[PDB]
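Here you get one chain, nothing else, as structure tokens; it is the form deposited in one PDB entry.
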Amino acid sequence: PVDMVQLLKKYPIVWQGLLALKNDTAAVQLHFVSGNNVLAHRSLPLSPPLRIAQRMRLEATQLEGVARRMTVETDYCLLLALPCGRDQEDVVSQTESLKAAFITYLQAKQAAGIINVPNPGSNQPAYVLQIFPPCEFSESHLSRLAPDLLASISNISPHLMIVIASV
């Protein structure tokens, strides 16, 4: 029964890059929260932006489906996306983008972004990235899996919660 002294050491950055939605982009770092980190390796591009071209409704059955894939630590990977930049001014601009172009958009549409990742050679669904803006669903799972991390960001800093699942 132990805990880490440094929160950021407990939830390591496993990816750094750009997210894209319509004509907007946002630089983020993804922190590993729980699940199978291998899914992050196989589903994320090398650390072209990660483009959100589809969306899923934040409704009952859709959310139930995501929760279903989170019952087995080996079948999913939960990541926390936080903004980043080269300096203070850039961080402010990237954070504004995340808030205005991504979070605002997703909350207004009551949806989660969806990115299907194919395995080379196959056109069948492999992994799917489900990108949630701050919402009841994200608060619920972050509270259950990483309450300490949630406490440091809830109503404090813009973020996205990404659930990768092997479909």
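From 1 onward, residues are counted along the sequence shown.
Missing here is the form solved in complex with a partner chain; even so, the following discussion is about that form.
Visitor: Out of the stretches listed (152-160, 8-16, 21-29, 139-147), which one is close to the partner chain in the deposited bound form, meaning heavy atoms within 4.5 Å?
Guide: Result for this chain: 21-29.
Visitor: Indicate whether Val128 is a 4.5 Å heavy atom neighbour of the partner chain in the deposited bound form.
Guide: Heavy-atom contact with the partner chain at 4.5 Å: present for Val128.
Visitor: Against the partner chain in the deposited bound form, would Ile52 count as a contact residue? Criterion: heavy atoms within 4.5 Å.
Guide: Answer yes; at least one heavy atom of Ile52 falls within 4.5 Å of the partner chain in the deposited bound form.
Visitor: Taking 4.5 angstroms as the cut-off for heavy atoms, does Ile114 touch the partner chain in the deposited bound form?
Guide: Because a heavy atom of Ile114 falls inside 4.5 Å of the partner chain in the deposited bound form, the answer is yes.
Visitor: Is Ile103 a contact residue for the partner chain in the deposited bound form, using a 4.5 Å heavy atom cut-off?
Guide: No, no contact at 4.5 Å.
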